[PDB]
Amino acid sequence: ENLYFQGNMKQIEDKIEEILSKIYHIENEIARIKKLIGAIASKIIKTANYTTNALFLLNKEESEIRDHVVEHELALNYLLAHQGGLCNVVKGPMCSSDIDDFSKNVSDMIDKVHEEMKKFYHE
Amino acid sequence: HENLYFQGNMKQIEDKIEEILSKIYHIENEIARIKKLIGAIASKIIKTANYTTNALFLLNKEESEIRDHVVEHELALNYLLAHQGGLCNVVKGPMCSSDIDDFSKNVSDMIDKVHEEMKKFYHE
Amino acid sequence: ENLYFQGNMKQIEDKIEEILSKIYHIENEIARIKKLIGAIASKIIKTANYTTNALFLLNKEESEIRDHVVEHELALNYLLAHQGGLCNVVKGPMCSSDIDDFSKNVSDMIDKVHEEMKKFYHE
């Protein structure tokens with residue numbers, strides 16, 4: 001009986017309808033995945049922005065603090081001139097040891113974060 | 001003649017439906033691994049933001065305390081050097097008298113904002 | 001009749017060319033999603049590295065400044081001893097207050113970021 005050609009065509013049609021619904025599920029999930037990835041990108045940018053602003057202000061203040069401390073060291077050595085300066089009065093294996101100024105290096109890091117986030121606006 | 005022409009084409013259709021089904025299987029597997037991989041990235045963002053903001057909080061608090069003491073020191077040094085025109089006149093420079101910015105509340109504000117962004121990962 | 005079976009067979013095959021097309025569209029999209037994800041991972045790593053390099057420097061210099069400020073307090077207390085020390089001459093509820101040293105605590109947070117990022121090289 002050609003009733004076979006009816007039924008096997010039916011199963012094929014049935015199976016196509018399953019395939020299309022599974023493609024439907026996949027498609028909607030891809031739209032969901034793309035959305036979440038953009039939301040994640042957005043959070044990375046916003047977070048990097050806040051963090052680098054915090055870094056900027058810590059760094060500006062650190063350097064101003066350092067200037068004043070180095071000035072204070074000069075003036076305290078002056079007042080301790082006859083005692084051999086702080087180097088002799090307060091004496092430590094790292095007493096005279098100079099104070100690093102990493103403000104430009106930290107600035108350079110801030111610039112590198114800013115440069116990375118510029119790249120989001122193309123990716 | 002025709003009985004086999006129906007058959008072979010029905011076989012070609014069926015077998016192509018098996019290719020599609022397996023192709024779908026592999027797509028589903030990649031989709032699952034993608035969602036997992038996104039999940040782990042989100043996780044690392046939160047943990048790294050958490051660690052970084054903790055460091056910022058501590059640098060900030062200490063920087064403020066240090067500032068407080070440098071302020072006292074300048075005062076004491078201005079007092080001690082008073083009969084020489086204060087600190088200002090003795091250890092000169094175009095920026096000797098310069099006030100020291102206090103950015104502690106502005107940094108704290110930046111910490112707040114990161115914490116707020118991370119809160120939002122718990123809603124998606 | 002023949003024309004019916006054949007005409008439906010055509011409709012099947014037409015759906016198949018439509019399915020295979022949508023699938024290839026999906027596959028191309030999955031590959032643009034994978035590339036996007038890896039670019040994002042790399043931005044996270046670079047960004048974290050620059051930020052922690054900035055934290056490391058700020059921390060190092062903050063710790064040096066602190067050692068110097070502490071010395072200076074001893075020096076100013078020695079100088080103003082014939083007048084009650086710093087606790088009397090500027091007199092505040094946080095004048096003699098000990099300055100916290102969080103350099104190990106900050107180094108710990110830097111370690112923790114480096115460990116989180118080392119993990120990207122496994123996924």
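Note on naming: letters A, B, ... go to the chains in the order of the sequence lines (proteins, then strands), and numbering restarts at 1 for each one. No hydrogens, no waters, no symmetry mates; every other heavy atom, side chains included, goes into these values.
- To the nearest 0.5 Å, the span separating NE2 on B:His1 from CG on B:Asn3 amounts to 9.5 Å.
- Side-chain contact check for C:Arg32 versus C:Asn28: some heavy-atom pair is nearer than 4.5 Å.
- Closest approach of A:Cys87 and A:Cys95 over heavy atoms only: CA-SG, 3.8 Å.
- A distance of 14.0 Å separates OG of B:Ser22 from CD1 of B:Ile17, quoted to the nearest 0.5 Å.
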Q. Can B:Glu124 and B:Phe121 be said to form a side-chain contact (heavy atoms from CB on, under 4.5 Å), step by step?
A. CA-CA 6 Å; B:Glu124 298 159 354; B:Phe121 265 122; 3.6 Å; yes
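- Scored by the side chain to side chain donor-acceptor pair (under 3.5 Å) test, C:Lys34 finds B:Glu30 as partners (sequence neighbours excluded).
- Note that CD1 of C:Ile33 and CD1 of B:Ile31 are 7.5 Å apart. Values are rounded to the nearest 0.5 Å.
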Q: I would like to know whether A:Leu80 and C:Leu79 meet side-chain contact (heavy atoms from CB on, under 4.5 Å); could you show each step before the answer?
A: CA-CA 9 Å; A:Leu80 275 45; C:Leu79 280 166; 3.7 Å; yes
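- Using a 4.5 Å heavy-atom threshold, the side chains of A:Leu76 and C:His72 count as touching.
- Side-chain contact check for A:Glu115 and C:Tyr50: no donor-acceptor pair (N or O, by modelled atom type) lies under 3.5 Å.
- Identified under the side-chain hydrogen bond (donor to acceptor under 3.5 Å, both in side chains) test for residues 52-71 of chain B, with sequence neighbours left out: B:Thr53-B:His115.
- In the hydrophobic cluster analysis, where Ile, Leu, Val, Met, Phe, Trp and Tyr join through side-chain heavy atoms closer than 4.5 angstrom, B:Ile38 is grouped together with C:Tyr121.
- Note: the hydrophobic cluster containing A:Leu74 also contains B:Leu87 (ILVMFWY, side chain heavy atoms under 4.5 Å, direct or indirect links).
- If you check the side chains of A:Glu73 and A:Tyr78, you find no donor sitting under 3.5 Å from an acceptor.
- For NZ of A:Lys119, the number of neighbouring non-hydrogen atoms (other residues, nucleotides, ligands) closer than 6.0 Å is greater than 12.
- With a 4.5 Å cut-off on side-chain heavy atoms, B:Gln7 and A:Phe5 count as touching.
- Hydrophobic cluster membership of B:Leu4, counting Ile, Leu, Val, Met, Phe, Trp and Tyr whose side-chain heavy atoms lie under 4.5 Å apart directly or via other members: none, as it forms a cluster of its own.
- With rounding to the nearest 0.5 Å, the separation of CD in C:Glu116 from NZ in B:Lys47 is 3.5 Å.
- Residues A:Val70 and A:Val90 do not share a hydrophobic cluster, defined by chaining ILVMFWY side chains whose heavy atoms lie under 4.5 Å apart.
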Q: Start with the C-alpha distance between C:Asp108 and C:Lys104, add both sets of side-chain angles, then the distance that settles salt bridge (charged side-chain N to carboxylate O under 4.0 Å, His left out), and finish with yes or no.
A: CA-CA 6 Å; C:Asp108 281 341; C:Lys104 295 211 152 343; over 6 Å; no
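- Checking side-chain atoms of A:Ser42 against main-chain N and O of A:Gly38 turns up no donor-acceptor pair under 3.5 Å.
- Residues B:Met118 and B:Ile45 are in side-chain contact: their nearest non-hydrogen atoms beyond the backbone lie under 4.5 Å apart.
- Taking NE2 of C:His25 as the reference point, atom CG of C:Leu20 lies at 11.5 Å (rounded to 0.5 Å).
- Alongside B:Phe57, the hydrophobic cluster contains A:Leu55, A:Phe56, A:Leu57, A:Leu58, A:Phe102, A:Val106, A:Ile110, B:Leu56, B:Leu58, B:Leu59, B:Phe103, B:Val107, B:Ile111, C:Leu55, C:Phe56, C:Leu57, C:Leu58, C:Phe102, C:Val106, C:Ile110 (criterion: ILVMFWY side chains under 4.5 Å).
- Using a 4.5 Å cut-off on side-chain heavy atoms (C-beta onward), C:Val69 and A:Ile65 make no contact.
- For B:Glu2, the side chain to side chain donor-acceptor pair (under 3.5 Å) partners two or more places apart in sequence, or in a different chain, are C:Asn2.
- The number of heavy atoms from other shown groups lying within 6.0 Å of NE2 (C:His122) is above 12.
- In this structure, C:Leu36 is not a member of the same hydrophobic cluster as B:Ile27, with clusters built from ILVMFWY side-chain heavy atoms closer than 4.5 Å.
- Atoms CD1 and CD1, from A:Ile40 and B:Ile41 in turn, are 7.0 Å apart once rounded to the nearest 0.5 Å.
- Between A:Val113 and A:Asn49, the closest side-chain pair of non-hydrogen atoms is not below 4.5 Å.
- For residues 3-29 of chain B, the pairs satisfying salt bridge (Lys or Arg N to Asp or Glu O under 4.0 Å) are B:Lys11-B:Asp15, B:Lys16-B:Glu19, with sequence neighbours left out.
- Side-chain atoms of A:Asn77 never come within 3.5 Å of backbone atoms of A:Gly85 as a donor-acceptor pair (strictly under, hydrogens ignored).
- Under a 3.5 Å cut-off, the side chain of A:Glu1 and the backbone N or O of A:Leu3 do form a donor-acceptor pair.
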